[PDB]
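Here is the structure we will look at.
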Number of protein chains: 2
Amino acid sequence: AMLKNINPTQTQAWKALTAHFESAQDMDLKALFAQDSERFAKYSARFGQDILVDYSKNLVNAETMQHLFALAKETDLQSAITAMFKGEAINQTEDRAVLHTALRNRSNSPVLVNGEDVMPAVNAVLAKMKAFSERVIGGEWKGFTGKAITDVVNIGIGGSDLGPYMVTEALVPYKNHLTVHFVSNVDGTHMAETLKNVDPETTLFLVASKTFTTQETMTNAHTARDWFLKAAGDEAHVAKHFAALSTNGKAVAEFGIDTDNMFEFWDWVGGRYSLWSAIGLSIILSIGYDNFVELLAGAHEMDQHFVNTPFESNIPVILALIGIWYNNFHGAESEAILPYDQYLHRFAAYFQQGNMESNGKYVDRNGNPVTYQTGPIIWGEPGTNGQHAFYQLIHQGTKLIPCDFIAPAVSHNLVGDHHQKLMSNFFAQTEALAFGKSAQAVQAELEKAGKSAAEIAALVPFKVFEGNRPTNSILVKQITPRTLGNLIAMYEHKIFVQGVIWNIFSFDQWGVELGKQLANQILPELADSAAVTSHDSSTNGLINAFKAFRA
Amino acid sequence: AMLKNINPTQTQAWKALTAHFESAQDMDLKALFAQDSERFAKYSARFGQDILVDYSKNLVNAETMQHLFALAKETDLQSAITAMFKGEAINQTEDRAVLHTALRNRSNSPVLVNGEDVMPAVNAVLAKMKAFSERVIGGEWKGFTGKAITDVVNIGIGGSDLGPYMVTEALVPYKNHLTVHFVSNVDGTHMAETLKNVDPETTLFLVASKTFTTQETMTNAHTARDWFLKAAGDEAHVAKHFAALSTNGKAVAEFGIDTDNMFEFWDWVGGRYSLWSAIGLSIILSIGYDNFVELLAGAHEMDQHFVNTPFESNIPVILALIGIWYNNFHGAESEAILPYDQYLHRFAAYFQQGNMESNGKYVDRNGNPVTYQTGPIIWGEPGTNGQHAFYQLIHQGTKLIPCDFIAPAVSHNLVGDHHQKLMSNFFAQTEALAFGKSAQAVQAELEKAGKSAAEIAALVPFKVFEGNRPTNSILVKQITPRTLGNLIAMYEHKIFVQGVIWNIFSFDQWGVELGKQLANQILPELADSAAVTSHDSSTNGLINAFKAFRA
Ligand SMILES: [Ca+2]
Ligand SMILES: [Ca+2]
Ligand SMILES: [Ca+2]
Ligand SMILES: [Ca+2]
Ligand SMILES: [Ca+2]
Ligand SMILES: [Ca+2]
Ligand SMILES: [Cl-]
Ligand SMILES: [Cl-]
Ligand SMILES: [Cl-]
Ligand SMILES: [Cl-]
Ligand SMILES: [Cl-]
Ligand SMILES: [Cl-]
Ligand SMILES: [Cl-]
Ligand SMILES: [Cl-]
Ligand SMILES: [Cl-]
Ligand SMILES: [Cl-]
Ligand SMILES: [Cl-]
Ligand SMILES: [Cl-]
Ligand SMILES: [Cl-]
Ligand SMILES: [Cl-]
Ligand code: NA
């Protein structure tokens, strides 16, 4: 196998990083910038014509980077990259390839799985979605009473919801006349509130589930089907109002969906890497196939960069390594993603799944428990909203929180001076985080302002910003389908690199099984009002209190 | 002063906790439950008739609790509680009282500030809001073309946005015919997209800013004013479509608002504790005054519980102490808030400000840098959404993440068996997190599935759940204005308790100043195309790249 299973803690590079942390953990950004006028130039990378990734405000120096790149080499990262792209079954616990990259392979170079090219199958679904979307968007596809579709409701959980919702939100300027809705929670509120806003005669539902047996999704789908049939009566009409993003043709046909409107995907498409497949049909319906292709093309450009660039100028590798420095040496548990863009309000939430479900693992590729930290907690809110909520803690708390600040230079909304104001904050916050403001500086200001020694003693300590809060700044010309594709793929590959180095399996998710099993056991126990005694005292107590509250 | 400044780390209780952690670190939840069938009964509390707080699935035993309550007593928490409620100026760095509790003091017992009872003024603003809301909601208040108002747009940042948005979202079942919208980001997209959805003749804007000079809010307000006037023409009409939540009468009048429609609040109301004041006018407009009074009453109920209950049965104290155990002894950096309720989708975000802006501090009350951890990072998404995104990492990652699971027994929407399915997950997830699943159990399941010995040996470790992931479960009868008030106040007090014990100032926010200062310096530099060289190389580089991109 090209994918190796090297324990990172046993490498010379890791030992060098441990020594370096001991002797340089107090590295100070003000000093790093003061001592090298070319720091920004040396710690930044350009991607294409429209993206700048500035990683200069990180607690790294030439030595740190040298040891980090050495770690990537010593864990045979290049061999792993090759293995993924060529179709090797690197998802070993499920014995599957990992080929979200094939989904956006615009070059159409063959991608073999068991000696057969998967591109014709990929392209056949894409072509089918393009054709279908034109009929729906253009009005030729009629509902059961002869009307054009006005609303699309995507029904799905996790990977079948987060990506499409995030992308359609991020790309609102590119939307067409259709109103798209995303229902995901099994909580009845979600579907109930959506159904109040749509009409059975003009709504198309997409049921997004590979197995077509996902409990939450099928519960929602059946609720929608019931609602639809109250208006339509004849199940034959379901075929004009429901499509499936699935491979279970028998179940799909039984539901009443015409299998011509079943859009397939494959085992090598992980849910959390699936927006690029048939799962992206809601994106195609919202912004059109031209824009969806731009999104795929942007991901493809980043895929090409990731495969072809030496590590020292490879953006996903650099970001992954800097992240490892904080996670495994500085002991930071989290990473904040802070887009200064309201349309990107769901971007951080998307990476909670993409990152945390991939790398939230504790058993290495050899089947041994890890003795080091794996994936971090991802969180964030768009600026300036998050800025006015929780930045107090980032600036003056007791936790190290690496932050990725992301912003476009050009807004889609050319209203007054809002964008210059927004951007002034984008630039100022990272400057503030890095360099702070010292006690000597604050005291000198209070003295010049006529303050007494007593006032100075009482207030200076609270006004000091220690700084050394590291950040990456990613500046994009404009958030377009292509640049969004660039960004999503960039983080996908960052996640991949970290999982390779940490010697874990990034593409399985065995950690979701126990909760599902236990819920299946509890469900029938909630139907009646009888006392439950079959679990531990807490579960019993909670279930019995629930029954008493209900009746 | 009644608020003391006791360093927690030198207390006998903290030293006892340190000694206890030597053995208590490897506590096991399965074992704790097996050792006492009364565990749920002993580690749970009922609040009124409608709330159960179950803290039994925590890594604590009787000794842990004894030492934790000893810590609360040794830091003189009881005195701090009295100090806050009586109006002592506990916000010492700004020399202010902290009296959000007076805003919901339904009992009207006097609360003195500068030797005068503040309750008549609190009640007068409430009465003014009641009267105004009746005119707006009932249709008597007419727009400039004589039509009743149909939409309300709240403009504010931080505390002037997060609470009202969260509460109106949580209480959608109680809404009247008005459509409410919340604009906060200075990013022009936020206001632009909102304005596309409303009509100048039927929209009322609330400009929420105490100073009426907040850059983001006033930029937004002026954009809205310009849009309104493009349709209305005469500035005199502004008075029928704009109101202010502020104390700056001169600026409010200058904007064109009738000061009869300026609703005031006081310096002792912190922004992140302000939804209970005039800042809550959008809540009153969305759900009516009577429901807002229920919200206040629920907070008041919880306030009474907090002040009158011995620590051993005091919910906010118990939650605070368990949080300290994880933050300061187990070293967990974060806390997840996971409401199994789609309406509560903004609840965790609200507490990002309430918690993190309060306790993300590093200097103690005596002006000395802390040598221990203070506030944690708060994050989360509602179940089952979050459940299908990031629980993989909670179950099988390498980070300890205490979780607060919250759910109502009764949904506001009657939708088939959705609620039983939702609740089956709520109960099952905490059961799974606490007790896990052993290798023996996994091996048995794989053997029954017909796996070969080699297949089993290869897969078993990846399917094991170590458990010992602690949670609190808060089960409420139903999320109503009253129970929501109970919950918000509960967490407010938890935050207060933690800040008292950590010897920090929870009610100031000096950490917001540097970013503002630096943004003020950068803003004028973004107006022209000239190269910027006035900062460090990264800030200069980013600004210059920005200028090149917009050219
Ligand atoms: Ca060295
Ligand atoms: Ca740590
Ligand atoms: Ca002991
Ligand atoms: Ca909403
Ligand atoms: Ca004027
Ligand atoms: Ca830690
Ligand atoms: Cl390599
Ligand atoms: Cl496969
Ligand atoms: Cl292709
Ligand atoms: Cl397949
Ligand atoms: Cl289109
Ligand atoms: Cl580590
Ligand atoms: Cl038990
Ligand atoms: Cl134990
Ligand atoms: Cl005051
Ligand atoms: Cl007033
Ligand atoms: Cl009402
Ligand atoms: Cl600590
Ligand atoms: Cl039920
Ligand atoms: Cl065998
Ligand atoms: Na298989």
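Chain labels follow the order of the structure tokens: the first chain is A, the next B, and so on; residue numbering restarts at 1 in every chain, and ligands are counted from 1 in their shown order.
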Pull the closest atom pair for each residue of chain A that gets at most 6 Å from chain B, along with the distance in Å to one decimal, counting only C-alpha atoms, ordering rows by chain and then ascending residue number, as CSV.
residue,atom,partner,partner_atom,distance
A:40,CA,B:538,CA,4.9
A:158,CA,B:388,CA,4.9
A:185,CA,B:384,CA,5.7
A:186,CA,B:422,CA,5.9
A:187,CA,B:422,CA,5.6
A:188,CA,B:418,CA,5.3
A:189,CA,B:413,CA,5.8
A:352,CA,B:390,CA,5.9
A:353,CA,B:389,CA,4.2
A:356,CA,B:390,CA,5.4
A:357,CA,B:392,CA,5.2
A:360,CA,B:393,CA,3.8
A:361,CA,B:397,CA,4.5
A:362,CA,B:397,CA,5.4
A:373,CA,B:398,CA,5.7
A:384,CA,B:185,CA,5.6
A:385,CA,B:185,CA,5.7
A:388,CA,B:158,CA,5.0
A:389,CA,B:353,CA,4.3
A:390,CA,B:353,CA,5.2
A:392,CA,B:511,CA,4.8
A:393,CA,B:360,CA,3.9
A:396,CA,B:361,CA,5.2
A:397,CA,B:360,CA,4.1
A:398,CA,B:373,CA,5.7
A:409,CA,B:546,CA,5.4
A:413,CA,B:189,CA,5.8
A:418,CA,B:188,CA,5.2
A:422,CA,B:187,CA,5.6
A:424,CA,B:519,CA,4.9
A:425,CA,B:519,CA,5.3
A:428,CA,B:519,CA,4.9
A:429,CA,B:515,CA,5.1
A:432,CA,B:515,CA,5.6
A:461,CA,B:367,CA,5.8
A:463,CA,B:510,CA,5.9
A:477,CA,B:549,CA,5.4
A:510,CA,B:463,CA,5.7
A:511,CA,B:392,CA,4.7
A:512,CA,B:392,CA,5.8
A:515,CA,B:429,CA,5.2
A:518,CA,B:428,CA,5.2
A:519,CA,B:424,CA,4.9
A:522,CA,B:424,CA,5.6
A:523,CA,B:424,CA,5.1
A:537,CA,B:40,CA,5.4
A:538,CA,B:40,CA,4.9
A:546,CA,B:409,CA,5.4
A:549,CA,B:477,CA,5.3
Restricting the output to N, CA and C atoms, write the selected residues as a compact mmCIF listing (two decimals), in the first residue's frame.
# COMPACT_ATOMS: atom_id res chain seq x y z
N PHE A 40 6.45 38.89 6.06
CA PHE A 40 5.23 38.66 5.31
C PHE A 40 5.54 37.97 3.99
N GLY A 158 -26.55 15.64 8.19
CA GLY A 158 -25.11 15.62 8.11
C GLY A 158 -24.60 16.00 6.75
N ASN A 185 -33.26 18.33 10.71
CA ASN A 185 -33.52 17.80 12.04
C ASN A 185 -34.71 16.86 12.05
N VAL A 186 -34.65 15.80 12.86
CA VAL A 186 -35.83 14.95 13.03
C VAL A 186 -36.85 15.70 13.89
N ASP A 187 -36.40 16.67 14.69
CA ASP A 187 -37.33 17.52 15.45
C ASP A 187 -38.39 17.99 14.47
N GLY A 188 -39.65 17.67 14.77
CA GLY A 188 -40.79 17.99 13.90
C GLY A 188 -40.92 19.44 13.54
N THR A 189 -40.39 20.30 14.38
CA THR A 189 -40.38 21.73 14.09
C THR A 189 -39.77 22.03 12.72
N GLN A 352 -17.09 21.87 10.99
CA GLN A 352 -17.24 21.05 12.20
C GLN A 352 -17.38 19.61 11.77
N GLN A 353 -18.21 19.30 10.77
CA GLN A 353 -18.32 17.92 10.32
C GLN A 353 -17.10 17.49 9.53
N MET A 356 -14.00 17.55 12.20
CA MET A 356 -14.14 16.78 13.43
C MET A 356 -14.57 15.35 13.23
N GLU A 357 -15.45 15.10 12.27
CA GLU A 357 -15.85 13.73 12.01
C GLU A 357 -14.74 12.95 11.30
N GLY A 360 -11.51 13.24 14.48
CA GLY A 360 -11.87 12.97 15.89
C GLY A 360 -11.77 11.47 16.10
N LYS A 361 -10.54 10.97 16.18
CA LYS A 361 -10.24 9.55 16.22
C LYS A 361 -9.19 9.28 17.27
N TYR A 362 -9.16 8.07 17.80
CA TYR A 362 -8.19 7.74 18.86
C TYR A 362 -7.45 6.44 18.66
N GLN A 373 -2.45 13.94 20.66
CA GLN A 373 -3.68 14.59 20.26
C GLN A 373 -3.98 14.43 18.79
N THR A 384 -18.55 40.84 11.34
CA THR A 384 -18.16 41.26 12.69
C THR A 384 -19.01 40.66 13.84
N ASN A 385 -19.96 39.78 13.54
CA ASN A 385 -20.83 39.19 14.58
C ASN A 385 -20.03 38.48 15.70
N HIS A 388 -17.98 40.78 18.05
CA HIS A 388 -18.70 41.44 19.13
C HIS A 388 -19.32 40.49 20.14
N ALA A 389 -19.06 39.20 19.97
CA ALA A 389 -19.55 38.19 20.90
C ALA A 389 -18.46 37.66 21.79
N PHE A 390 -17.43 37.06 21.21
CA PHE A 390 -16.45 36.29 21.99
C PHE A 390 -14.99 36.65 21.83
N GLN A 392 -13.35 38.95 23.19
CA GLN A 392 -12.78 39.26 24.52
C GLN A 392 -11.93 38.10 25.01
N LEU A 393 -12.44 36.87 24.88
CA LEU A 393 -11.73 35.71 25.35
C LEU A 393 -10.51 35.38 24.49
N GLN A 396 -7.97 38.20 25.66
CA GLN A 396 -7.59 38.29 27.09
C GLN A 396 -7.97 37.11 27.98
N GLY A 397 -8.24 35.97 27.36
CA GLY A 397 -8.55 34.74 28.09
C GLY A 397 -7.30 33.95 28.36
N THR A 398 -7.48 32.71 28.79
CA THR A 398 -6.37 31.81 29.16
C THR A 398 -6.21 30.61 28.23
N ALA A 409 -12.03 40.91 -0.91
CA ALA A 409 -11.71 42.32 -1.14
C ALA A 409 -12.90 43.10 -1.72
N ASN A 413 -22.36 43.45 -2.59
CA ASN A 413 -23.27 44.51 -2.26
C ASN A 413 -22.47 45.80 -2.19
N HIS A 418 -19.79 50.37 3.85
CA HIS A 418 -19.85 49.18 4.69
C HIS A 418 -18.63 48.29 4.52
N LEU A 422 -16.02 47.02 7.31
CA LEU A 422 -15.84 45.61 7.60
C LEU A 422 -14.37 45.22 7.50
N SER A 424 -11.67 47.09 7.67
CA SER A 424 -10.82 47.74 8.65
C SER A 424 -10.73 46.83 9.89
N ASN A 425 -11.84 46.19 10.24
CA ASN A 425 -11.88 45.24 11.34
C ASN A 425 -11.11 43.96 11.04
N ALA A 428 -7.42 44.95 11.32
CA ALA A 428 -7.07 45.39 12.68
C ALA A 428 -7.08 44.27 13.70
N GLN A 429 -8.02 43.34 13.59
CA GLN A 429 -8.11 42.29 14.61
C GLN A 429 -6.90 41.40 14.62
N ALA A 432 -4.04 43.35 16.18
CA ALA A 432 -4.24 43.42 17.61
C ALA A 432 -3.87 42.09 18.29
N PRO A 461 -3.40 46.93 34.52
CA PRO A 461 -3.37 45.48 34.31
C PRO A 461 -4.50 44.96 33.42
N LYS A 463 -6.04 46.55 31.01
CA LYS A 463 -5.97 47.12 29.67
C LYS A 463 -4.80 46.60 28.84
N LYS A 477 -10.17 37.69 -3.78
CA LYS A 477 -10.65 38.84 -4.54
C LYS A 477 -12.14 39.06 -4.31
N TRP A 510 -16.80 5.28 12.72
CA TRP A 510 -17.38 4.24 13.57
C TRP A 510 -17.98 4.79 14.85
N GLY A 511 -17.60 6.02 15.20
CA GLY A 511 -18.07 6.68 16.41
C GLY A 511 -19.51 7.10 16.41
N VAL A 512 -20.20 6.93 15.28
CA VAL A 512 -21.62 7.28 15.23
C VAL A 512 -22.53 6.09 15.55
N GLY A 515 -24.59 5.52 19.54
CA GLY A 515 -25.75 6.36 19.76
C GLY A 515 -26.97 5.87 18.99
N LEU A 518 -28.30 2.60 20.69
CA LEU A 518 -29.01 2.89 21.94
C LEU A 518 -30.34 3.62 21.70
N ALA A 519 -30.39 4.49 20.71
CA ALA A 519 -31.65 5.18 20.40
C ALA A 519 -32.70 4.18 19.90
N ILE A 522 -34.26 2.55 22.90
CA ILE A 522 -35.10 3.46 23.67
C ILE A 522 -36.39 3.85 22.97
N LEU A 523 -36.35 4.00 21.66
CA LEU A 523 -37.54 4.46 20.91
C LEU A 523 -38.86 3.75 21.28
N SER A 537 -29.63 4.33 36.25
CA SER A 537 -30.56 5.19 36.96
C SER A 537 -30.82 6.54 36.32
N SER A 538 -29.82 7.11 35.64
CA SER A 538 -30.00 8.42 35.00
C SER A 538 -30.90 8.31 33.78
N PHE A 546 -39.66 12.41 31.63
CA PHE A 546 -40.24 12.76 30.34
C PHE A 546 -41.67 12.28 30.25
N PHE A 549 -43.86 14.43 32.48
CA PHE A 549 -44.09 15.76 31.89
C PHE A 549 -45.09 15.74 30.75
Contacts with ligand 16 at most 7 Å, only C-alpha atoms and all ligand atoms counted, listed as a short mmCIF file (atom, residue, chain, number, x, y, z; two decimals) with C-alpha atoms, in the first residue's frame:
data_model
loop_
_atom_site.label_atom_id
_atom_site.label_comp_id
_atom_site.auth_asym_id
_atom_site.auth_seq_id
_atom_site.Cartn_x
_atom_site.Cartn_y
_atom_site.Cartn_z
CA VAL B 125 -39.82 51.71 30.65
CA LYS B 128 -43.90 52.53 27.89
CA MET B 262 -36.59 56.34 22.71
CA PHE B 263 -36.60 53.53 25.33
CA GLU B 264 -33.90 53.84 27.97
#
Leaving out residue 113 (chain A) and any residue of its chain fewer than 2 positions from it, which residues lie within 6 Å of it when counting only C-alpha atoms, given as a VMD selection string?
chain A and resid 87 115 to 116
Could you take the residues named above and write them with N, CA, C and O atoms, as an mmCIF file, in the first residue's frame?
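New file selection.cif:
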data_model
loop_
_atom_site.group_PDB
_atom_site.id
_atom_site.type_symbol
_atom_site.label_atom_id
_atom_site.label_comp_id
_atom_site.auth_asym_id
_atom_site.auth_seq_id
_atom_site.Cartn_x
_atom_site.Cartn_y
_atom_site.Cartn_z
ATOM 1 N N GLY A 87 -6.943 6.197 -6.351
ATOM 2 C CA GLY A 87 -8.015 5.248 -6.078
ATOM 3 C C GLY A 87 -7.683 4.078 -5.179
ATOM 4 O O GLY A 87 -8.454 3.121 -5.118
ATOM 5 N N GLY A 115 -9.333 -1.362 -11.496
ATOM 6 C CA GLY A 115 -8.994 -1.364 -12.914
ATOM 7 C C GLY A 115 -9.991 -0.760 -13.892
ATOM 8 O O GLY A 115 -9.789 -0.858 -15.103
ATOM 9 N N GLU A 116 -11.053 -0.140 -13.375
ATOM 10 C CA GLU A 116 -12.073 0.482 -14.221
ATOM 11 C C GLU A 116 -12.187 1.975 -13.932
ATOM 12 O O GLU A 116 -12.257 2.382 -12.776
#
Contacts to ligand 10 at 9 Å cut-off (only C-alpha atoms and all ligand atoms) as a list in words
residues 96, 247, 265, 266, 267, 268 and 269 of chain A
For the selection you just gave me, I'd like the residues written to a file as a JSON list (two decimals), in the first residue's frame, keeping N, CA, C and O atoms.
[["chain", "number", "residue", "atom", "x", "y", "z"],
["A", 96, "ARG", "N", -12.56, 0.82, 1.23],
["A", 96, "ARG", "CA", -13.07, 1.70, 0.19],
["A", 96, "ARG", "C", -12.03, 2.71, -0.25],
["A", 96, "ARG", "O", -11.15, 3.08, 0.53],
["A", 247, "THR", "N", -28.78, 5.39, -4.02],
["A", 247, "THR", "CA", -28.50, 4.26, -4.91],
["A", 247, "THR", "C", -29.47, 3.09, -4.67],
["A", 247, "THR", "O", -29.38, 2.07, -5.35],
["A", 265, "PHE", "N", -24.59, 8.11, -6.42],
["A", 265, "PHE", "CA", -23.23, 8.40, -5.99],
["A", 265, "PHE", "C", -22.65, 7.06, -5.55],
["A", 265, "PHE", "O", -23.31, 6.01, -5.72],
["A", 266, "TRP", "N", -21.42, 7.05, -5.04],
["A", 266, "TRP", "CA", -20.68, 5.81, -4.84],
["A", 266, "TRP", "C", -20.10, 5.68, -3.45],
["A", 266, "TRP", "O", -20.00, 6.67, -2.72],
["A", 267, "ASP", "N", -19.73, 4.46, -3.10],
["A", 267, "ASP", "CA", -19.18, 4.16, -1.78],
["A", 267, "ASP", "C", -17.94, 4.98, -1.44],
["A", 267, "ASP", "O", -17.65, 5.21, -0.26],
["A", 268, "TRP", "N", -17.19, 5.38, -2.46],
["A", 268, "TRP", "CA", -15.97, 6.17, -2.30],
["A", 268, "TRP", "C", -16.21, 7.67, -2.15],
["A", 268, "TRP", "O", -15.27, 8.47, -2.13],
["A", 269, "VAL", "N", -17.48, 8.04, -2.05],
["A", 269, "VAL", "CA", -17.87, 9.41, -1.75],
["A", 269, "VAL", "C", -18.33, 9.45, -0.28],
["A", 269, "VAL", "O", -19.42, 9.00, 0.05]]
Surrounding residues as number ranges by chain, ligand 9, max 12 Å, only C-alpha atoms and all ligand atoms:
A: 100-111, 117-127, 276-277, 292-294, 296-297, 299-300
Can I get the selected residues back with N, CA and C atoms, as a short mmCIF file (atom, residue, chain, number, x, y, z; two decimals), in the first residue's frame?
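Once written, again03.cif looks like this:
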data_model
loop_
_atom_site.label_atom_id
_atom_site.label_comp_id
_atom_site.auth_asym_id
_atom_site.auth_seq_id
_atom_site.Cartn_x
_atom_site.Cartn_y
_atom_site.Cartn_z
N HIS A 100 -13.58 11.76 -3.56
CA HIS A 100 -14.28 13.03 -3.78
C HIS A 100 -13.53 13.86 -4.84
N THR A 101 -12.21 13.69 -4.95
CA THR A 101 -11.45 14.40 -5.97
C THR A 101 -11.89 14.02 -7.39
N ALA A 102 -12.34 12.78 -7.60
CA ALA A 102 -12.78 12.35 -8.92
C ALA A 102 -14.08 13.06 -9.30
N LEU A 103 -14.89 13.39 -8.29
CA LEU A 103 -16.18 14.05 -8.55
C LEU A 103 -16.03 15.37 -9.28
N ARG A 104 -14.91 16.05 -9.04
CA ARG A 104 -14.65 17.37 -9.63
C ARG A 104 -13.47 17.35 -10.59
N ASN A 105 -13.14 16.16 -11.07
CA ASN A 105 -12.02 15.98 -11.99
C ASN A 105 -12.38 16.46 -13.39
N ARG A 106 -12.34 17.78 -13.58
CA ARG A 106 -12.74 18.40 -14.85
C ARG A 106 -11.84 18.01 -16.00
N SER A 107 -10.60 17.61 -15.69
CA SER A 107 -9.63 17.20 -16.71
C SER A 107 -10.06 15.91 -17.39
N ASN A 108 -10.86 15.12 -16.67
CA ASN A 108 -11.34 13.81 -17.16
C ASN A 108 -10.27 12.75 -17.38
N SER A 109 -9.11 12.95 -16.76
CA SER A 109 -8.07 11.94 -16.79
C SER A 109 -8.67 10.73 -16.06
N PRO A 110 -8.38 9.52 -16.53
CA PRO A 110 -8.99 8.36 -15.88
C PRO A 110 -8.63 8.22 -14.40
N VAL A 111 -9.60 7.75 -13.62
CA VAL A 111 -9.40 7.47 -12.19
C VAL A 111 -9.89 6.04 -12.04
N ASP A 117 -12.21 2.78 -14.99
CA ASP A 117 -12.34 4.23 -14.87
C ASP A 117 -13.72 4.61 -14.33
N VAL A 118 -13.73 5.40 -13.27
CA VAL A 118 -14.99 5.86 -12.69
C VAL A 118 -15.50 7.16 -13.33
N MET A 119 -14.70 7.82 -14.17
CA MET A 119 -15.14 9.11 -14.72
C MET A 119 -16.41 9.05 -15.58
N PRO A 120 -16.59 7.99 -16.39
CA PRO A 120 -17.84 7.97 -17.15
C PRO A 120 -19.09 7.97 -16.25
N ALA A 121 -19.03 7.23 -15.14
CA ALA A 121 -20.16 7.20 -14.20
C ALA A 121 -20.35 8.56 -13.54
N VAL A 122 -19.26 9.20 -13.13
CA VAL A 122 -19.32 10.55 -12.53
C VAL A 122 -19.98 11.53 -13.50
N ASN A 123 -19.49 11.55 -14.74
CA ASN A 123 -19.99 12.46 -15.74
C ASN A 123 -21.43 12.18 -16.16
N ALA A 124 -21.85 10.91 -16.13
CA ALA A 124 -23.23 10.59 -16.49
C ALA A 124 -24.20 11.19 -15.47
N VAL A 125 -23.84 11.16 -14.18
CA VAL A 125 -24.73 11.76 -13.18
C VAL A 125 -24.71 13.28 -13.35
N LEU A 126 -23.52 13.87 -13.54
CA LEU A 126 -23.45 15.32 -13.75
C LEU A 126 -24.33 15.76 -14.94
N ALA A 127 -24.22 15.03 -16.06
CA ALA A 127 -24.98 15.35 -17.26
C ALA A 127 -26.48 15.24 -17.01
N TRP A 276 -20.04 17.66 -3.77
CA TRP A 276 -19.53 17.66 -5.14
C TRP A 276 -20.21 16.63 -6.05
N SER A 277 -20.99 15.72 -5.45
CA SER A 277 -21.69 14.63 -6.15
C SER A 277 -23.16 14.97 -6.37
N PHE A 292 -22.46 25.66 -10.55
CA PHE A 292 -22.00 24.44 -9.88
C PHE A 292 -20.69 23.98 -10.50
N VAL A 293 -20.59 24.02 -11.83
CA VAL A 293 -19.33 23.65 -12.49
C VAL A 293 -18.17 24.56 -12.09
N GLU A 294 -18.44 25.86 -11.92
CA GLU A 294 -17.41 26.78 -11.41
C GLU A 294 -16.92 26.33 -10.03
N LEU A 296 -17.01 23.21 -8.83
CA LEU A 296 -16.20 21.99 -9.08
C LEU A 296 -14.82 22.37 -9.62
N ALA A 297 -14.79 23.33 -10.54
CA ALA A 297 -13.54 23.73 -11.18
C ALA A 297 -12.59 24.36 -10.16
N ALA A 299 -12.50 23.63 -6.94
CA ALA A 299 -11.96 22.52 -6.17
C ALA A 299 -10.87 21.80 -6.96
N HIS A 300 -11.11 21.59 -8.26
CA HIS A 300 -10.14 20.91 -9.13
C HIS A 300 -8.80 21.66 -9.19
#
Residues of chain A at most 7 Å from ligand 1: nearest atom pair and distance in Å, only C-alpha atoms and all ligand atoms, as a tab-separated table:
residue	atom	partner	partner_atom_place_in_ligand_line	distance
A:19	CA	ligand 1	1 (Ca)	7.0
A:20	CA	ligand 1	1 (Ca)	4.9
A:23	CA	ligand 1	1 (Ca)	6.6
A:63	CA	ligand 1	1 (Ca)	6.6
File of the preceding selection, C-alpha atoms, as a PDB file, in the first residue's frame:
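Below you can see again10.pdb, which holds the result:
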ATOM      1  CA  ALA A  19      13.036  20.072  21.643  1.00  0.00           C
ATOM      2  CA  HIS A  20      12.179  23.215  19.687  1.00  0.00           C
ATOM      3  CA  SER A  23      13.489  26.106  23.892  1.00  0.00           C
ATOM      4  CA  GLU A  63      13.365  26.399  12.519  1.00  0.00           C
TER       5      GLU A  63
END
8 Å from ligand 11 is the threshold here; counting only C-alpha atoms and all ligand atoms, which polymer residues fall inside it? Answer as a PDB file with C-alpha atoms, in the first residue's frame.
ATOM      1  CA  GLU A 134     -32.792  23.019 -16.809  1.00  0.00           C
ATOM      2  CA  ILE A 137     -35.464  25.992 -13.363  1.00  0.00           C
ATOM      3  CA  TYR A 174     -25.636  33.710  -7.857  1.00  0.00           C
ATOM      4  CA  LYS A 175     -29.099  32.315  -7.184  1.00  0.00           C
ATOM      5  CA  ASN A 176     -31.962  31.987  -9.589  1.00  0.00           C
ATOM      6  CA  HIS A 177     -35.712  32.506  -8.968  1.00  0.00           C
ATOM      7  CA  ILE A 284     -27.401  23.068  -8.953  1.00  0.00           C
ATOM      8  CA  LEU A 285     -31.090  23.863  -8.600  1.00  0.00           C
ATOM      9  CA  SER A 286     -30.399  27.042  -6.577  1.00  0.00           C
ATOM     10  CA  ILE A 287     -27.532  28.589  -8.579  1.00  0.00           C
ATOM     11  CA  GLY A 288     -27.599  26.618 -11.854  1.00  0.00           C
ATOM     12  CA  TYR A 289     -25.273  24.047 -13.365  1.00  0.00           C
ATOM     13  CA  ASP A 290     -22.925  26.717 -14.837  1.00  0.00           C
ATOM     14  CA  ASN A 291     -22.190  27.964 -11.307  1.00  0.00           C
TER      15      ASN A 291
END
